[PDB]
Amino acid sequence: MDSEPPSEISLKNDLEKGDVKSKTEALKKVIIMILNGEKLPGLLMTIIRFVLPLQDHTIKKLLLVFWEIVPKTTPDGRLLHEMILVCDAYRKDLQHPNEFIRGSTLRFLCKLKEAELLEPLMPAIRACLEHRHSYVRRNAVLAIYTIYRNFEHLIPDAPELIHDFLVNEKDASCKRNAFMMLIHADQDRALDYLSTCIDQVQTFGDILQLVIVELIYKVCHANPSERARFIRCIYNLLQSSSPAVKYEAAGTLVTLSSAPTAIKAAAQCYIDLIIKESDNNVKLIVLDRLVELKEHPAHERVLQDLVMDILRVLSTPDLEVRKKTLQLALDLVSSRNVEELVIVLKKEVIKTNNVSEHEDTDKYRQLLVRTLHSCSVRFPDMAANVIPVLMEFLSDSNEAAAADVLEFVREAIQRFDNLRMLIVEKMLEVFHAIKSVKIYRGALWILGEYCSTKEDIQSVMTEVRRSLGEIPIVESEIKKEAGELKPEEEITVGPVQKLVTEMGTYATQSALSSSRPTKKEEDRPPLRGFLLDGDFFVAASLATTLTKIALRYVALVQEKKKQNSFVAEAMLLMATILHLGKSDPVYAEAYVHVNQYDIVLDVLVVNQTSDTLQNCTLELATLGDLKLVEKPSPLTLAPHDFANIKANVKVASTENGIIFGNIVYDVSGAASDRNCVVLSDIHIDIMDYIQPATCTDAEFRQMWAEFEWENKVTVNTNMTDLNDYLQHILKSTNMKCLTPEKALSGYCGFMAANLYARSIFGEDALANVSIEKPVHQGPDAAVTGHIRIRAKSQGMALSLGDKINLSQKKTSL
Amino acid sequence: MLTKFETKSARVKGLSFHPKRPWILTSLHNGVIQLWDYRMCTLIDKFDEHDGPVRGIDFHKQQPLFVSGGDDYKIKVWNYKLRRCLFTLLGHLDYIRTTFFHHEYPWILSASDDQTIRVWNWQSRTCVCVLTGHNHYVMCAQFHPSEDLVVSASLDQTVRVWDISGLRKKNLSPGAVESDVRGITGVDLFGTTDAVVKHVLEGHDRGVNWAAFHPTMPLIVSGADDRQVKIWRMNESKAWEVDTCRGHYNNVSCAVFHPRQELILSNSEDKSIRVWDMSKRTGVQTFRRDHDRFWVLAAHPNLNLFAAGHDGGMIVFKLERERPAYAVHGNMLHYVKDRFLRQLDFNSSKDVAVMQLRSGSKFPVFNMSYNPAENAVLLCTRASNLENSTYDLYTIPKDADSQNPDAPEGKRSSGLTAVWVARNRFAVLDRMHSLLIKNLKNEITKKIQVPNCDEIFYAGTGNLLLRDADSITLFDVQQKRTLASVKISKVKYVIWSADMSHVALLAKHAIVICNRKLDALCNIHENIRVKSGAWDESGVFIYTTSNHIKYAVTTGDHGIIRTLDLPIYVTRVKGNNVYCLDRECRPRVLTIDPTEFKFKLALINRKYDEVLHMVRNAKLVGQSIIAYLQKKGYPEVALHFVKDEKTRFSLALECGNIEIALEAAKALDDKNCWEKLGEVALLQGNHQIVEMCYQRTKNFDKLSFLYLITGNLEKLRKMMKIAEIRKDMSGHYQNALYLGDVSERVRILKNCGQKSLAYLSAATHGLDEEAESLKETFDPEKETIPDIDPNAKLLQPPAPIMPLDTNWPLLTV
Amino acid sequence: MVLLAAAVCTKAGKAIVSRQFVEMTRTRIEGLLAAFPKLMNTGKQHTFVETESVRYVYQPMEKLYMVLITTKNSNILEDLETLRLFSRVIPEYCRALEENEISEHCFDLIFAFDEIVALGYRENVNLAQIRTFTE
């Protein structure tokens with residue numbers, strides 16, 4: 001009988017039957033239905049009658065079982081007395097020669113904090129005063145303590161009965177087996193006795209002595225219990241810069257992340273931390289101790305650095321461990337992050353050296369070039385390293401492989417003015433075999449800026465200019481680029497001037513030069529030719545032309561703040577980006593009142609009628625996410641009764657199977673068809689059910705992408721900013737205004753709120769409230785705001801859309 | 001036709017409509033019976049009462065029960081509230097096809113396929129009667145709304161009308177003493193197979209499977225095994241009244257009358273359900289719903305919906321109206337037609353209804369419209385949207401078609417539509433499907449007029465002649481011109497004040513009440529759109545927005561007057577009463593009370609003495625009397641209710657006299673209140689009151705600071721000691737400075753162990769001896785001269801004021 | 001009490017047999033055991049997993065969870081050790097875990113629970129000790 005709540009009639013029958021097995025099974029079936037929480041008092045006389053005196057342990061044990069989980073509730077066969085049918089003949093049970101029945105009886109009897117059993121539990125310590133097992137003596141210290149807990153904090157429970165009444169706790173210390181139920185409030189002499197016992201311990205018992213009294217002067221003295229306290233005590237005597245090298249903490253710690261890569265990744269972190277405490281700049285974070293595994297002697301054999309190499313990773317162990325490991329290389333050794341990121345990047349970025357680090361997918365290659373290159377932009381020393389490695393990247397000599405390479409290096413030159421003169425000659429080489437945009441773009445920029453340095457350019461450019469591949473974006477990049485630097489410093493059959501001619505043709509003009517350009521018609525609609533066409537005031541010469549622009553870098557460009565940079569090593573970053581970091585007539589009148597922060601729905605129940613409505617009961621219901629914190633409890637609604645009855649309200653619950661409308665309120669009365677009527681007290685909305693939750697800009701952005709929010713409305717009374725009406729109203733449809741999606745200035749400055757919720761509707765809810773408050777001569781519609789809304793199938797989107805207008809209720813009875 | 005309900009259950013042999021409530025029972029061939037709340041969508045019960053087909057099903061609503069009959073050969077009675085079998089009885093010896101319940105005593109009738117229908121009395125031991133005649137199966141037994149007679153449809157080619165209180169049927173010749181039944185050729189030929197004959201009816205269509213009545217007619221229609229339906233008079237057994245409807249293709253299981261339409265609805269065991277003309281008695285149209293065969297039919301005796309049972313399940317289907325146009329005059333609701341004929345007026349919480357003569361509608365409603373003075377009703381008839389029909393005007397208090405044909409009142413004339421309009425006796429009509437104006441020449445206008453025409457909009461309903469083709473257009477009195485057009489969002493309704501000059505329109509929050517043309521007088525405060533609400537011409541606006549009728553406002557007061565037990569629409573407010581009718585159109589009325597209204601009419605006119613009487617438990621709530629009256633910043637209302645320890649606290653800061661605060665603060669059992677009121681106290685000016693508070697919040701150090709500022713020296717010392725012990729070094733420390741000598745610090749600091757600080761303080765005052773004590777007890781060296789003096793005079797003249805600022809003067813207003 | 005309940009669960013969505021030492025967790029016992037042990041106590045194949053602010057210690061046996069729950073704790077070794085001793089005692093009564101056989105020996109298991117953990121303090125048990133009681 002797993003859980004069957006109607007079966008009590010059969011149990012009575014089964015409980016006495018003249019067959020002992022049946023009786024045991026019955027009583028067992030009662031236990032299992034109560035434990036789940038089901039019907040049990042009908043049976044009581046039957047249950048109690050067979051078992052009572054006997055020394056036959058199994059039925060007695062079963063009855064003994066049922067007296068610690070419901071004795072108080074059941075009363076057919078027990079009623080209320082001092083020597084109840086729980087203990088009257090269980091004084092026999094306590095005083096049987098078999099330890100088990102006595103012991104069991106003692107154990108339940110003393111366990112209860114019952115006051116209708118207080119006297120019978122007190123000399124119940126007799127059953128276990130003699131200690132036939134470790135179990136008997138432990139059973140005794142726990143039972144005396146449980147007696148002490150049960151209203152006997154004074155002389156009824158404190159001395160000895162004949163050996164224990166609160167003194168097993170003392171005795172246990174010096175006896176062969178220990179266990180101290182003495183944790184609080186008990187004899188001082190036993191506490192003292194436990195200390196002595198630390199030495200003459202029994203190990204289970206030591207965990208009991210130890211919860212009470214901890215800290216040792218020793219190293220130990222033995223056993224897991226003492227050992228477990230000991231690592232706590234050690235952390236005290238050296239708190240300083242974490243544990244560093246984990247103590248006896250290490251054993252539990254592995255299981256704490258049994259799923260399976262995460263342990264190594266964590267372990268790797270600690271091992272890296274431990275090596276050294278470095279400068280602790282941007283991603284140079286290694287704490288713990290400065291010297292404890294050093295770094296870097298030149299006589300150390302086979303050195304520290306061997307372990308450091310693991311941390312430099314491509315994936316060399318698996319991805320979770322990889323992400324931890326790349327950060328960890330950066331963390332022990334660099335200048336900041338820059339130094340060790342360049343080494344690390346050199347390995348990752350595409351080459352002709354190894355083909356286990358090159359790939360023909362263009363974005364990844366490109367990104368890897370940008371990561372290597374960002375280190376230079378960060379720190380100078382890296383410029384010198386980067387440029388020759390970049391030329392190796394080029395040497396791959398696939399159209400695309402060159403292409404990616406050329407694209408970053410060209411950015412580097414914008415930063416690094418006439419420093420990378422050397423690269424230009426390498427960069428031209430792979431520009432001729434071509435099937436893509438990227439190669440043309442980049443090459444034309446290097447060869448263009450670099451012209452003073454070289455003289456090749458008609459020849460290199462011209463094979464490509466009459467070759468094909470994909471050429472949209474090529475136009476833009478060649479347009480600003482081709483002439484640049486020194487007015488007449490090249491010549492192969494086209495000097496720098498031919499280049500300016502070319503540069504202009506490629507931009508949007510027409511001219512025979514480099515055997516004509518591939519295309520002329522520019523990239524995306526805004527860019528066009530014209531700016532540059534106007535430009536080249538002084539023909540490709542460092543002055544105030546293309547050259548200027550080329551040998552200068554747009555805004556601030558420093559660090560790895562992503563200003564001509566990309567922020568570490570490209571593969572590690574994907575993982576970091578991913579991390580969102582999300583945090584019968586009846587009359588009612590009613591108002592909601594709050595006194596001393598108690599929120600209640602006031603209801604007055606009125607019988608305007610002369611007719612009888614007796615049988616009157618009042619209930620507030622649990623609909624779904626609405627709940628009663630206590631229904632109105634008066635038996636009112638009688639002939640010409642006016643009553644004030646208070647129903648307390650909650651807003652947060654779990655969905656019930658009954659209707660999901662406004663608030664259900666139920667009054668009952670006389671009638672047999674409609675004994676229960678549902679009638680209303682004032683408004684509560686569907687919107688309550690939504691649950692508020694919040695987003696950060698990353699979670700908002702991810703969800704924006706994840707599912708559409710095209711749906712918009714413009715809501716009146718969003719004249720005001722985010723903070724005022726809009727927040728308060730948004731709150732009531734369990735929403736909250738978080739992070740921005742705005743871009744403010746002297747022409748821009750709609751207020752933008754990123755909203756989130758996680759509705760109990762199987763959807764989230766998100767929105768952006770844009771408040772069109774004029775920051776221009778031509779506003780949208782002046783003050784008002786357009787709320788762009790969604791939910792996960794946009795079923796709550798709509799709630800956001802209208803619950804940001806207005807919202808107010810009041811009455812004054 | 002609209003599908004209200006459709007649940008696939010599999011082959012439903014029996015179907016019955018509850019006459020009390022809008023419920024359906026179905027008995028299935030699968031042996032399951034189900035009771036459905038078809039409007040609510042909630043399964044009431046489900047019983048497998050027999051293995052095989054259960055062919056008959058009935059409601060036994062005399063006490064809240066359902067009755068079923070199955071092929072167990074029994075009529076069983078079942079509880080729908082307790083789900084138990086109330087009683088079981090032996091109907092017959094074969095299939096119970098249909099069962100019917102007597103309302104005389106708990107007698108049950110069962111019709112069987114063993115050729116008898118019997119009635120059995122449970123209450124006693126008796127089987128009271130057996131009604132015999134059939135020679136082949138009584139397929140169906142059906143109640144009329146009177147309980148005296150029943151009809152049975154049997155497949156021996158007859159319909160037998162029975163008496164249930166009678167032995168079989170009940171009749172006796174007054175022209176002879178002999179039995180009505182003749183077994184010989186008389187004026188008709190039949191056998192001897194009855195006790196007597198009251199009415200043997202034709203059923204010839206090779207046996208009639210079912211018979212049923214229209215709720216208000218003696219006429220019955222029967223569907224039979226062939227492919228015809230035959231309509232019979234059961235009240236005379238005429239054969240000059242019986243017409244045959246032809247359309248079906250195979251054995252017609254049933255045919256019953258549609259209560260609410262002038263058509264007869266039939267269903268057959270082919271695959272079609274066919275609808276029949278009830279003024280022509282032949283098939284108007286055939287529908288296939290492709291659930292295959294239909295073995296049962298049902299027409300609602302509560303005139304709700306209509307239902308037919310099929311071999312896949314059953315459907316209850318809808319041919320009814322939703323949201324009808326209406327207006328209330330003084331005690332008369334006038335509404336546009338809905339099910340259950342004409343009803344209205346009276347009740348206030350019951351879903352019962354009762355009749356009064358106030359029918360605005362008494363013929364197909366092309367238009368129903370009130371006079372703006374409310375003295376006539378215009379009902380436009382003979383449908384059409386061509387250019388002509390008829391319009392009949394009725395008098396508003398009690399309505400006939402014509403009142404007298406010899407009197408100006410109740411006349412009729414032609415006009416496609418006619419609808420009343422302002423000037424309060426006028427009407428405007430369409431009689432060419434243009435806007436024509438109507439006069440009669442004095443009194444409420446009844447006579448057709450052809451002058452004046454327009455070329456915009458198209459005739460329909462209204463109350464000011466509403467016409468639509470893209471908007472709701474109000475038309476003028478004596479001008480062809482459009483008076484104005486309204487475009488707004490609606491909840492499917494148009495709400496009139498009661499006078500039909502004015503109109504109320506529903507908007508995004510609540511409703512707005514407007515005058516003639518579109519001019520907004522005010523907006524009803526309430527978050528959501530109300531279902532309906534009406535204004536007693538202006539001022540007292542009463543509305544429904546849920547299940548309760550509450551006043552938006554009366555004289556600036558706000559109240560919920562009372563709740564009803566059903567959702568409802570306000571019919572309008574004309575008089576003190578507000579009258580309501582819902583979708584089904586059951587009435588509720590409510591007297592506008594002097595409950596909530598008097599209380600706040602009184603509080604507004606600053607009467608508190610009046611207001612105490614006014615306080616009743618029909619309007620007490622929690623915050624409109626006992627805590628709404630704690631909402632004046634110069635307490636007035638606040639003074640009156642102050643019973644809550646919080647309201648008392650509040651009251652005190654709003655005056656600025658915190659003498660009451662401390663006590664409320666006390667009774668709020670809280671420290672925070674004492675410190676905050678103490679601060680307010682310092683603000684009224686007096687520091688005695690501040691001290692007491694601040695002392696018990698334990699801000700001895702704030703006090704220490706306050707105290708020279710206040711100019712006490714005695715009190716300042718008390719603070720020093722009781723802050724000494726706390727080691728508040730910006731409490732105990734203060735006071736020594738503040739008195740002319742520093743000695744207080746010296747000891748406190750000694751106890752802190754701050755010997756240095758203690759010496760410096762002491763030494764400077766020239767208490768070098770104490771300074772030395774501190775040095776000697778602790779580490780010496782007192783010689784050192786810090787960035788502050790270590791021995792330069794400290795003396796201050798403490799507080800020149802003789803009366804202190806604990807004794808700050810006050811008068812208090 | 002430190003130990004709210006000691007519970008044997010089926011992840012059928014119910015507490016098959018369970019023990020409330022002193023009247024506190026009656027019906028409460030079933031809801032906790034029913035939700036949390038279904039997800040492996042929300043574990044990942046880790047003996048300690050904590051969910052809804054209640055420490056769940058467990059061991060899976062078939063579709064069943066043998067579960068120890070605490071919301072307070074005195075020592076690391078101890079919580080496992082009572083569960084462990086329980087796991088010696090449970091196959092003696094029910095031949096592994098299995099809902100029907102667990103159900104039949106409600107009395108056996110329940111009695112062991114009272115004996116093993118008394119007023120939430122982890123006593124010790126053994127298969128021979130168990131015998132005296134059910135004798």
# chains A, B, ... in the order shown; residues from 1 in each chain; ligands from 1
$ residues_around --residues "residue 505 in chain A" --least-positions-apart "5" --cutoff "8 Å" --atoms "only C-alpha atoms" --output "PyMOL selection string"
chain A and resi 510-511+516-517+520
$ residues_around --residues "residue 460 in chain A" --least-positions-apart "3" --cutoff "12 Å" --atoms "only C-alpha atoms" --output "compact mmCIF listing (two decimals) with N, CA and C atoms, in the first residue's frame"
# COMPACT_ATOMS: atom_id res chain seq x y z
N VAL A 424 55.46 45.75 -46.61
CA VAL A 424 54.74 46.03 -47.89
C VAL A 424 55.07 45.10 -49.00
N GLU A 425 56.36 44.88 -49.22
CA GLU A 425 56.93 43.95 -50.21
C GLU A 425 56.48 42.48 -50.01
N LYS A 426 56.42 42.00 -48.74
CA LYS A 426 55.89 40.69 -48.45
C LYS A 426 54.44 40.59 -48.82
N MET A 427 53.63 41.58 -48.44
CA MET A 427 52.15 41.73 -48.52
C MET A 427 51.60 41.72 -49.90
N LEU A 428 52.38 42.30 -50.89
CA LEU A 428 51.99 42.26 -52.29
C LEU A 428 51.87 40.93 -52.92
N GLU A 429 52.70 39.98 -52.45
CA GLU A 429 53.04 38.75 -53.10
C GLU A 429 51.82 37.94 -53.36
N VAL A 430 51.02 37.74 -52.31
CA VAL A 430 49.82 36.97 -52.43
C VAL A 430 48.80 38.09 -52.48
N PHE A 431 48.37 38.38 -53.67
CA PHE A 431 47.42 39.39 -54.03
C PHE A 431 46.97 39.09 -55.40
N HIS A 432 47.70 38.24 -56.10
CA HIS A 432 47.52 37.81 -57.45
C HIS A 432 46.72 36.67 -57.62
N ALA A 433 46.85 35.59 -56.81
CA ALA A 433 45.87 34.56 -56.85
C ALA A 433 44.79 35.03 -55.86
N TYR A 440 41.97 41.69 -51.81
CA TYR A 440 42.10 42.87 -52.56
C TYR A 440 42.10 44.04 -51.60
N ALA A 443 45.46 44.24 -49.30
CA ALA A 443 46.65 44.40 -50.04
C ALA A 443 46.73 45.79 -50.58
N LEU A 444 45.54 46.25 -51.12
CA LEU A 444 45.51 47.55 -51.76
C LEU A 444 45.79 48.58 -50.73
N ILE A 446 47.87 48.08 -47.94
CA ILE A 446 49.26 48.09 -47.54
C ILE A 446 50.14 48.73 -48.53
N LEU A 447 49.98 48.27 -49.78
CA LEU A 447 50.70 48.67 -50.97
C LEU A 447 50.43 50.12 -51.17
N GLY A 448 49.16 50.59 -50.93
CA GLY A 448 48.82 51.97 -51.06
C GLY A 448 49.53 52.85 -50.04
N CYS A 451 53.53 53.24 -50.26
CA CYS A 451 54.21 53.51 -51.53
C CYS A 451 55.62 54.04 -51.54
N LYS A 454 58.38 51.16 -51.44
CA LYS A 454 58.41 50.31 -52.56
C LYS A 454 58.31 51.16 -53.78
N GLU A 455 58.25 50.48 -54.98
CA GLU A 455 58.17 51.11 -56.30
C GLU A 455 57.49 50.17 -57.31
N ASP A 456 57.18 48.98 -56.82
CA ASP A 456 56.56 47.89 -57.57
C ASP A 456 55.15 48.12 -58.12
N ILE A 457 54.37 49.06 -57.55
CA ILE A 457 53.00 49.00 -57.47
C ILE A 457 52.08 48.83 -58.68
N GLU A 463 47.85 43.02 -61.93
CA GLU A 463 47.37 41.68 -62.18
C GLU A 463 46.05 41.46 -61.55
N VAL A 464 45.89 41.96 -60.30
CA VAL A 464 44.63 41.92 -59.58
C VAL A 464 43.48 42.75 -60.12
N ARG A 465 43.77 43.95 -60.64
CA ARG A 465 42.90 44.96 -61.17
C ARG A 465 42.30 44.42 -62.39
N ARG A 466 43.00 43.48 -63.09
CA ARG A 466 42.37 42.89 -64.26
C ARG A 466 41.96 41.43 -64.00
N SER A 467 42.04 40.95 -62.77
CA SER A 467 41.67 39.63 -62.30
C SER A 467 40.32 39.74 -61.64
N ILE A 491 57.55 53.64 -59.18
CA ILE A 491 57.62 53.58 -60.65
C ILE A 491 57.96 52.12 -61.04
N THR A 492 57.10 51.46 -61.88
CA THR A 492 57.49 50.16 -62.41
C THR A 492 57.10 50.23 -63.87
N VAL A 493 56.02 51.05 -64.18
CA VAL A 493 55.46 51.48 -65.42
C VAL A 493 54.20 52.33 -64.97
N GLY A 494 54.19 52.83 -63.75
CA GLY A 494 53.12 53.58 -63.16
C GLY A 494 53.72 54.01 -61.94
N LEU A 499 48.91 55.89 -59.61
CA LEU A 499 48.22 55.29 -58.47
C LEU A 499 47.09 56.11 -57.99
N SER A 514 46.78 50.87 -64.52
CA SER A 514 46.78 49.45 -63.95
C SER A 514 45.90 48.55 -64.72
N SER A 515 45.79 48.76 -66.06
CA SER A 515 44.97 47.97 -66.99
C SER A 515 43.53 47.90 -66.46
$ residues_around --residues "range 2-16 of chain C" --least-positions-apart "4" --cutoff "7 Å" --atoms "only C-alpha atoms" --output "MDAnalysis selection string"
(chainID A and resid 2 36) or (chainID C and resid 20:21 29:31 33:35 37:38 63:73 99 102:103 113 120:121)
$ write_last_selection --atoms "N, CA, C and O atoms" --output "compact mmCIF listing (two decimals), in the first residue's frame"
# COMPACT_ATOMS: atom_id res chain seq x y z
N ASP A 2 1.37 1.60 -1.22
CA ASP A 2 2.22 2.72 -1.57
C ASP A 2 1.72 4.09 -1.06
O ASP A 2 2.48 4.86 -0.51
N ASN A 36 2.81 9.17 4.41
CA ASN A 36 2.50 9.95 3.28
C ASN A 36 1.62 11.11 3.65
O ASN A 36 1.81 12.21 3.07
N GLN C 20 9.65 10.60 10.20
CA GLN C 20 9.36 11.78 10.90
C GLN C 20 9.63 11.29 12.31
O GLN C 20 8.95 10.39 12.82
N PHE C 21 10.73 11.80 12.94
CA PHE C 21 11.15 11.41 14.23
C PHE C 21 10.22 11.93 15.29
O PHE C 21 9.81 11.19 16.18
N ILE C 29 7.17 15.63 3.94
CA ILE C 29 8.14 14.60 3.59
C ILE C 29 7.89 14.18 2.19
O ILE C 29 8.93 14.08 1.48
N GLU C 30 6.60 13.91 1.82
CA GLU C 30 6.29 13.32 0.47
C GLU C 30 6.66 14.33 -0.59
O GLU C 30 7.27 13.91 -1.60
N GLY C 31 6.30 15.65 -0.50
CA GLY C 31 6.54 16.63 -1.58
C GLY C 31 7.94 16.88 -1.92
O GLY C 31 8.31 16.85 -3.07
N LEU C 33 10.53 14.70 -1.27
CA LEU C 33 11.08 13.51 -1.82
C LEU C 33 10.57 13.33 -3.22
O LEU C 33 11.29 12.85 -4.14
N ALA C 34 9.29 13.67 -3.43
CA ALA C 34 8.79 13.45 -4.74
C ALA C 34 9.40 14.28 -5.82
O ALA C 34 9.83 13.80 -6.83
N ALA C 35 9.54 15.62 -5.61
CA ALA C 35 10.19 16.55 -6.62
C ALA C 35 11.66 16.33 -6.81
O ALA C 35 12.14 16.34 -7.94
N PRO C 37 14.43 14.04 -5.50
CA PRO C 37 14.98 12.75 -5.89
C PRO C 37 14.72 12.34 -7.40
O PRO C 37 15.53 11.51 -7.78
N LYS C 38 13.75 12.95 -8.14
CA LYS C 38 13.45 12.63 -9.49
C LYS C 38 14.54 13.11 -10.41
O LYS C 38 14.77 12.45 -11.42
N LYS C 63 15.10 3.01 -9.79
CA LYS C 63 14.25 4.22 -10.03
C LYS C 63 14.04 4.85 -8.70
O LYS C 63 13.00 5.56 -8.48
N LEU C 64 14.85 4.48 -7.70
CA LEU C 64 14.62 4.83 -6.33
C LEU C 64 15.92 5.47 -5.88
O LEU C 64 17.03 5.41 -6.43
N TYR C 65 15.66 6.31 -4.87
CA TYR C 65 16.63 7.16 -4.22
C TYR C 65 16.53 6.78 -2.78
O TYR C 65 15.49 6.67 -2.19
N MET C 66 17.68 6.59 -2.07
CA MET C 66 17.67 6.41 -0.64
C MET C 66 18.26 7.73 -0.36
O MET C 66 19.15 8.25 -1.13
N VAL C 67 17.60 8.36 0.59
CA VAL C 67 17.75 9.86 0.79
C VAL C 67 17.84 10.13 2.25
O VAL C 67 17.20 9.48 3.07
N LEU C 68 18.67 11.09 2.54
CA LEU C 68 18.87 11.55 3.86
C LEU C 68 18.65 12.98 3.67
O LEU C 68 19.16 13.49 2.65
N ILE C 69 17.99 13.71 4.58
CA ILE C 69 17.87 15.13 4.30
C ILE C 69 18.17 15.77 5.62
O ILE C 69 18.10 15.13 6.70
N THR C 70 18.74 17.01 5.56
CA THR C 70 19.21 17.77 6.70
C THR C 70 19.04 19.13 6.16
O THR C 70 18.87 19.42 5.02
N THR C 71 19.05 20.10 7.05
CA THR C 71 19.02 21.49 6.64
C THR C 71 20.00 22.23 7.56
O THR C 71 20.14 23.45 7.51
N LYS C 72 20.75 21.46 8.36
CA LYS C 72 21.69 21.89 9.34
C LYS C 72 22.76 20.78 9.35
O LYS C 72 22.67 19.67 8.75
N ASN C 73 23.90 21.00 9.98
CA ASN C 73 24.87 19.94 9.84
C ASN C 73 25.87 20.15 10.91
O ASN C 73 26.17 21.29 11.22
N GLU C 99 9.90 -0.12 -5.42
CA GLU C 99 8.77 0.59 -4.73
C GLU C 99 7.86 -0.38 -4.09
O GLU C 99 7.57 -0.24 -2.90
N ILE C 102 9.56 -2.05 -1.03
CA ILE C 102 9.80 -0.98 -0.05
C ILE C 102 8.46 -0.72 0.69
O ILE C 102 8.51 -0.66 1.91
N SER C 103 7.40 -0.68 -0.14
CA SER C 103 6.07 -0.42 0.38
C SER C 103 5.66 -1.43 1.38
O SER C 103 5.16 -1.04 2.42
N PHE C 113 14.67 3.45 10.86
CA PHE C 113 14.87 4.91 10.80
C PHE C 113 14.81 5.55 12.15
O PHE C 113 15.75 6.32 12.43
N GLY C 120 16.71 13.33 15.31
CA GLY C 120 17.63 13.87 14.35
C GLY C 120 19.08 13.60 14.66
O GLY C 120 19.88 14.23 13.95
N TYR C 121 19.50 12.80 15.69
CA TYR C 121 20.90 12.64 15.96
C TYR C 121 21.20 11.25 15.59
O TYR C 121 20.60 10.26 15.95
$ closest_residue --among "C:40, C:50, C:45, C:90" --to "chain A" --atoms "only C-alpha atoms"
C:45
$ residues_around --residues "residue 590 in chain B" --least-positions-apart "6" --cutoff "9 Å" --atoms "only C-alpha atoms" --output "ChimeraX atom specification"
/B:347-348,549,561-562,576-580
